Amino acid sequence: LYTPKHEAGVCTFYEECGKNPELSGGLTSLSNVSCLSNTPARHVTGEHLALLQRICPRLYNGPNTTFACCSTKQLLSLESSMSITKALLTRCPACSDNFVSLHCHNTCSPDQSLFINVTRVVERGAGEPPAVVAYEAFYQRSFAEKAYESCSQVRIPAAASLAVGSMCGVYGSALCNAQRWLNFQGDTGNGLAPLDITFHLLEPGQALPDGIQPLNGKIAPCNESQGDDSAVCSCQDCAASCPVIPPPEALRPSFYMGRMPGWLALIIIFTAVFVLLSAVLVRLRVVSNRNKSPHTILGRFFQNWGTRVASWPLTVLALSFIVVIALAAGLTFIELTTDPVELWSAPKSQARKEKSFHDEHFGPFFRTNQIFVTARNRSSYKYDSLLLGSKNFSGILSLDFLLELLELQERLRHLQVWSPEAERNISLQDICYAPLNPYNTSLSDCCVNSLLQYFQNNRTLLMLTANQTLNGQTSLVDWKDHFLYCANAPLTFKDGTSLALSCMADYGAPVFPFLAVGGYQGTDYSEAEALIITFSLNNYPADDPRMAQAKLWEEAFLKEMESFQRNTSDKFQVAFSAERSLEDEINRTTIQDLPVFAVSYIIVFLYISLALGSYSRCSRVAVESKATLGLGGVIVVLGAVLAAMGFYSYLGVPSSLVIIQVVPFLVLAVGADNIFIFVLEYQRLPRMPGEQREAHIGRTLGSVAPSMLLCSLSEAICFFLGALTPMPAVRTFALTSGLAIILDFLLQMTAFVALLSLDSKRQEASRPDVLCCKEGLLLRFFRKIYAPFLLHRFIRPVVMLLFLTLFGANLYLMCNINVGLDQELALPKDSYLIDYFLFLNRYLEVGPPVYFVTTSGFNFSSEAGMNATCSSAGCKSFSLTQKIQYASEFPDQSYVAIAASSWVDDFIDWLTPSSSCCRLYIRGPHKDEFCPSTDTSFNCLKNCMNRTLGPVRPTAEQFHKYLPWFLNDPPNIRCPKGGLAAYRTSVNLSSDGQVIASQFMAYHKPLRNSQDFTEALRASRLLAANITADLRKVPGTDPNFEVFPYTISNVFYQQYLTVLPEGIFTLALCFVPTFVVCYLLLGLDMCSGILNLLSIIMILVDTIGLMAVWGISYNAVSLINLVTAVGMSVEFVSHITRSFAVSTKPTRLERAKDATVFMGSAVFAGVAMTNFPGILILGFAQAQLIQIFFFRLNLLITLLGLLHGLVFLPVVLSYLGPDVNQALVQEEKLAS
Ligand SMILES: CS(=O)(=O)NCC#Cc1ccc(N2C(=O)[C@H](CC[C@H](O)c3ccc(F)cc3)[C@H]2c2ccc(O[C@@H]3O[C@H](C(=O)O)[C@@H](O)[C@H](O)[C@H]3O)cc2)cc1
Ligand SMILES: CC(C)CCC[C@@H](C)[C@H]1CC[C@H]2[C@@H]3CC=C4C[C@@H](OC(=O)CCC(=O)O)CC[C@]4(C)[C@H]3CC[C@]12C
Ligand SMILES: CC(C)CCC[C@@H](C)[C@H]1CC[C@H]2[C@@H]3CC=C4C[C@@H](OC(=O)CCC(=O)O)CC[C@]4(C)[C@H]3CC[C@]12C
Ligand SMILES: *[C@@H]1O[C@H](CO)[C@@H](O[C@@H]2O[C@H](CO)[C@@H](O)[C@H](O)[C@H]2NC(C)=O)[C@H](O)[C@H]1NC(C)=O
Ligand SMILES: *[C@@H]1O[C@H](CO)[C@@H](O[C@@H]2O[C@H](CO)[C@@H](O)[C@H](O)[C@H]2NC(C)=O)[C@H](O)[C@H]1NC(C)=O
Ligand SMILES: *[C@@H]1O[C@H](CO)[C@@H](O[C@@H]2O[C@H](CO)[C@@H](O)[C@H](O)[C@H]2NC(C)=O)[C@H](O)[C@H]1NC(C)=O
Ligand SMILES: *[C@@H]1O[C@H](CO)[C@@H](O[C@@H]2O[C@H](CO)[C@@H](O)[C@H](O)[C@H]2NC(C)=O)[C@H](O)[C@H]1NC(C)=O
Ligand SMILES: *[C@@H]1O[C@H](CO)[C@@H](O[C@@H]2O[C@H](CO)[C@@H](O)[C@H](O)[C@H]2NC(C)=O)[C@H](O)[C@H]1NC(C)=O
Ligand SMILES: *[C@@H]1O[C@H](CO)[C@@H](O[C@@H]2O[C@H](CO)[C@@H](O)[C@H](O)[C@H]2NC(C)=O)[C@H](O)[C@H]1NC(C)=O
Ligand SMILES: *[C@@H]1O[C@H](CO)[C@@H](O)[C@H](O)[C@H]1NC(C)=O
Ligand SMILES: *[C@@H]1O[C@H](CO)[C@@H](O)[C@H](O)[C@H]1NC(C)=O
Ligand SMILES: *[C@@H]1O[C@H](CO)[C@@H](O)[C@H](O)[C@H]1NC(C)=O
Ligand SMILES: *[C@@H]1O[C@H](CO)[C@@H](O)[C@H](O)[C@H]1NC(C)=O
Ligand SMILES: *[C@@H]1O[C@H](CO)[C@@H](O)[C@H](O)[C@H]1NC(C)=O
Ligand SMILES: *[C@@H]1O[C@H](CO)[C@@H](O)[C@H](O)[C@H]1NC(C)=O
């Protein structure tokens, strides 16, 4: 049972006996145990020498000597046994050779007795040698550590982990040293080691037992080539052969313009424009001090128009109603598009072109339905685990919680629905994603990720306990030791803690700890706060019928999860989501709060009716109010709204939630201003003796029509210019609003003028109006209280200083601008998805995957093509997957956390003849056809390719012939690599076997804010451009070959890379024709134009500043609201400014006083008080996009408009206003 003598030249065993009686089980075919024989080494010649030279190249010692101690049977058994490990480690030949060197030194070395002590045997009967079942081996520490370190970084791209992580048992790749690695190699409990070998890594200073000396042989270093191999390992594979480059500085972040922040550019632009305009305006004032009729043209035209309209009022009302009904009739063809991708992004953007390419070539990205579960009040605890130290465990990991979650998951898997179209029950196995067995799938094949997958969703295995004696002490093993083992080493076929439990999921895939649990730091997997249950379903195109079935199943999923959410509030806090939830939640409340909004029309009707009358009695106001004109106003507004929506429905343009819930109420806030001002001016001007009411209304319309035309044109032009946004919802909003404003103006100049004529006709008869069968408080208040106060000599410099202070303060506050909109922001206030997004932001440890997709034009069959893509030994440095690996080493500068997988490296590795993966039938019915790795017959002794002196590279014919076999070969214990699961959907093959498109999957780091999605997009695009530029240098590459980074979030966040240049350019385009129309229409006074433009700039800057303070981010929706501000503020500025300009008072102060009282009262009572019921009613929206971006911004715009129009502007007109237009002075004097 031992080796009595071990001087030199002798070995401890030679012939291979039968099977090992002790283990009895295994994963694969094992290796028979050698029989003990202490005997001098054998003289190895002939074919035995050829076998030795091939199997163990570091034992051949000359042509004619080569003493060794193993038979041909042991050499063949060793060659069979190491095929799996060689299949994993062949990427770095130095590592493969070192591992094989260790095994063939143990098995066949002629100096076997110098380091091996046999300790335990089993007798095989009298006259027979006993078989060896346990022994120990002695090595130097430096030898084993160099051998380990040469293999320490070899990677498994398909699993995105280290190969050493599958070879160190309970210790993962993070905690594995040479001792643990060698202990795993000798541990028979894993189902792989044929016999028990104890490894002593005896140190050199240490004194050793009698004749034993530690082994110290040759170890191939990482970076050193051996002979003429030229197969030096790349540093992705061993981390010792690439030059050191200091970590790259991060790139200039998006939301920065040029070399400076975007807000700094905003301050520079607004300040420069303001100071230039102010300097020019004051220059004109001092020039006027040194110096000590288009209005009539439009007046005459509008008087003729008004008189014709007043002449025939019933006919024009008839045509107005006919046109309004004819346009509104288009609502029968209305179509609503509810998908987020369609509204959020343009159909011909860059991200959508990439999305279309990916979806066409590889299929759409699968639908992910997730559940996050945490523990409400359970405390943590300790567990004295086996093979590890004491481990803290979280409260959520309590066994009863896992049992009820197992009941939940199993209940969800067996959920079935009725399909009205298919006329059958749809179960999970009909629509689920399945990486293994895609066709003829079952429930056991569906992709479902959870912690419970470590126990293959089997209740009996979860509750199992076992007795294990380690270090001489018997203890108890339960599910927690399997959990810790799998969390550290997820690539385990068999656990060693007395339980033969696979660590793989039931559908055949490893479950990585970041996919099962979350809420941890470092490698403290047992402390995880939240558990994650993920269902992945196949996606399809929207038109395809299968999508409806998937949506029905997800609906049942949502109802079941709401049931389990309500049922157990005493144990868990649960967040959950479904793929269709985002589409359902955003569009849920379009209709629900619309009758709540409808009260604004009633409030506007009542305000217009009461404000224009209801006086002198306060008890007969029911008949003295102007009910007819209120009804007219509200009908004109509704007419414009319905006509605009109808016309766009007639052109096939769809509508959305930004149309239904916003457009009638913003148009309500705008449209009634012009008629309120017109009616007030009608009441104020007295009639001349002998004049008819038609001429009076004509003269009134001639008086006020240029300003109403100015406001309508300015707002309509601003909305149409605001339609340049790439976002379709905002584009549709802008076009609908523009058309509604134009049609509103056209109805105001025809139907309302006619209605005022008919109401005046009724008024002259001193009769009650249709429905209800020379002073005023506004003018007295403004004349006696407001105007003596605002224009007082001790007020005007204070108002000037206060408003310039406010402007400067808002320019400062403009620095705090957020760019981008969070997903939560879109949701309704009470949606369950808000909890889901909070749980994702706190508990996931990885982000979404990113696929670097290569288009057609790249020859993957050429050796130059393979070398510019692979990352194994002999591949070119700075290759595609090595660039991705390098980007993955610095996750904060480039938002990639997990290195890419690659079909090329696994294909080349699979083709390797030494890996026993690609075999051909040598004889029989299927001669020269593919022999699967699971065929255990003797018909498959011919490898796919021949042996080589370097890396394995096929020719073009071999590449095209063998690639469809690789892409359909399922992985198993015999061959780990294969493309059925990981790569079948990642390569597109045309019928001549050509590669049309290909993708390389990698994972982002967790992304939480809009800034993280935007920066991840920028860094990922920069990496893909860097890959594309170097791939284009390979000869034969098409000039239109590119690599692009598809991920599902790109179509939502692409727009935030350009939103600032587009927003600034759009605002400047809004400012230019506004100035042009107010300059040209009001009589070509440069002073008045500059005054209006400066006021609009101040209102806009104040709006942006206070927006930044409040916490409203900048995006396309805020942009269209600021465009609305630029348009709308003309209604607060232009009327007062024109009233000042058209005035005959000799001094600036008197003109400021009279313009302030008359038009200030009209502007206040009309514009402000009409704006409030519309805008304020959106504060009950319950959809956060409207509550935040439409209510708050339009409210701020209205208040700043009122503040600037009524307080600032009269004072500025008093100081810096235009001089007197002498043509009206002469007109007043001559006609006097
Ligand atoms: C020998 S050692 O010394 O080195 N140390 C011990 C070791 C090891 C080791 C080596 C390689 C790996 N993998 C890669 O590489 C593989 C990485 C991922 C792989 O692409 C994959 C497979 C399926 C899938 F959906 C998604 C991805 C992994 C592997 C997994 C499963 C597998 O086969 C399945 O197994 C299931 C089961 O057993 O339950 C059966 O149900 C299925 O039918 C059968 O297809 C073979 C290899 C993992 C562990
Ligand atoms: C006077 C103010 C307060 C409201 C006038 C505005 C109208 C222009 C709105 C109010 C009611 C809306 C309609 C009410 C509900 C629907 C049904 C809707 O169809 C669905 O609900 C299907 C939704 C789905 O399939 O998810 C299509 C839009 C439509 C016609 C809306 C079109 C726009 C309308 C007529
Ligand atoms: C008269 C015109 C010029 C403006 C009138 C509009 C006000 C009604 C707005 C303008 C600024 C707003 C404030 C800006 C800042 C905030 C912080 C905001 O919440 C935060 O971002 C801080 C909360 C936290 O995270 O601690 C709560 C609303 C509030 C008080 C806003 C309350 C409403 C205010 C006073
Ligand atoms: C080789 O292994 C044998 C088997 O254990 C060792 O023999 C035992 O050594 C211990 C050490 O004190 C003694 O107490 C036992 O009496 C020995 N004999 C047995 C178990 O039969 C032997 O010492 C080892 N030799 C070397 C060089 O390490
Ligand atoms: C292979 O890598 C090693 C380590 O990066 C290189 O450098 C050796 O580094 C050790 C540690 O300081 C020194 O003791 C050796 O003298 C260094 N040189 C050699 C030749 O071992 C080594 O140069 C690299 N070899 C090649 C060919 O690149
Ligand atoms: C591989 O890519 C081709 C196109 O390069 C895909 O073929 C298209 O498939 C869509 C439907 O999926 C058809 O509408 C197109 O007409 C097809 N075009 C051509 C040129 O054939 C093919 O489907 C992709 N492979 C897979 C498996 O989806
Ligand atoms: C859940 O796990 C148990 C293991 O305890 C499985 O039960 C074994 O099934 C095999 C195959 O039929 C039998 O040979 C064993 O005798 C069973 N063991 C016991 C204790 O009954 C069980 O099949 C698993 N569940 C499923 C659905 O496969
Ligand atoms: C990719 O490159 C390989 C060679 O690098 C091309 O294979 C050649 O194909 C032509 C076509 O008959 C043969 O005449 C050559 O002899 C082949 N060369 C070799 C080395 O085998 C292959 O055609 C290229 N791919 C494409 C799509 O053109
Ligand atoms: C891809 O990125 C790498 C690293 O960022 C670039 O390599 C550097 O390029 C600059 C010039 O752009 C050189 O001055 C440096 O010497 C290069 N090396 C290093 C280590 O910084 C590479 O050029 C990029 N590819 C392209 C096509 O621009
Ligand atoms: C292994 O042992 C079994 C049983 O003794 C025997 O049938 C088989 O041929 C042996 N194989 C090798 C390669 O030694
Ligand atoms: C479909 O499932 C429901 C679930 O209760 C069941 O009642 C019904 O009979 C099933 N239909 C078929 C055809 O299996
Ligand atoms: C494990 O051993 C202990 C100690 O005798 C014993 O009490 C317990 O029942 C054993 N467990 C099983 C499952 O047999
Ligand atoms: C829900 O909770 C009740 C007790 O609150 C329990 O009896 C029941 O089994 C739970 N599950 C279902 C599906 O009702
Ligand atoms: C690709 O790498 C192999 C490595 O052996 C080399 O032989 C071959 O010449 C390389 N091809 C090119 C085009 O450099
Ligand atoms: C190389 O491979 C080819 C085809 O697989 C085969 O015909 C040939 O015999 C092999 N060996 C040599 C030395 O060419």
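Numbering starts at 1 and runs along the chain as displayed.
Each Cβ is built from the backbone N, Cα and C atoms, and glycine gets one as well.
Looking at the candidates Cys238, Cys242, Swiss-Prot gives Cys238 as the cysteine bonded to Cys222 by a disulfide. A disulfide bond in Swiss-Prot ties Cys70 to one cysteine from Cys11, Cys17, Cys108, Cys151, and that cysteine is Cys108. When you check Swiss-Prot, the disulphide partner of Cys233 from the set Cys92, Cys95, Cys104 turns out to be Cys92. According to Swiss-Prot, the listed position annotated as N-linked glycosylation site out of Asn291, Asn946 is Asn946.
Placement of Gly389 and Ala1029 with respect to the membrane, taken from Swiss-Prot, is on a common side. Only one of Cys11, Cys151, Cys168, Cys176 is recorded by Swiss-Prot as the disulfide partner of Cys69: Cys11. For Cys168 (disulfide bond), the nearest of the disulfide-bonded residues by C-alpha distance turns out to be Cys917; the candidates were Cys69, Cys917, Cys940.
Checked against ligand 11, the disulfide-bonded residues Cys108, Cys222, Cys432, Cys503, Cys870 give no residue with a Cβ less than 6 Å away from one of its atoms. Distance between the Cα atoms of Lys292 and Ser293, which bracket 18 unmodelled residues, is 23 Å.
Of the disulfide-bonded residues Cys222, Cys242, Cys870, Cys931, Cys870 has the largest number of other Cβ atoms within 10 Å of its own Cβ.
Ranking the recorded positions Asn587, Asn867, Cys875 by the distance of their Cα atoms from the Cα of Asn223 (N-linked glycosylation site) places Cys875 first. Sequence-distant contacts of the topological domain 'Cytoplasmic' (679-703), counting only residues of its own chain at least 6 positions beyond either end whose CB sits under 8 Å from a CB of the stretch, comprise 298-307, 310-311, 612, 626, 629, 749, 753, 756-757, 760-761, 764, 779, 1158, 1161-1162, 1165-1166.
Secondary structure from DSSP puts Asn32 (N-linked glycosylation site) in coil. Residues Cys773 and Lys774 bracket an unmodelled region of 11 residues, and their Cα atoms lie at a distance of 26 Å. In this view, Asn867 (N-linked glycosylation site) is surrounded by 16 other Cβ atoms within 10 Å of its Cβ, with every protein chain counted. Taken residue by residue, the topological domain 'Extracellular' (1178-1192) breaks down under DSSP into 12 helix, 1 strand, 2 coil.
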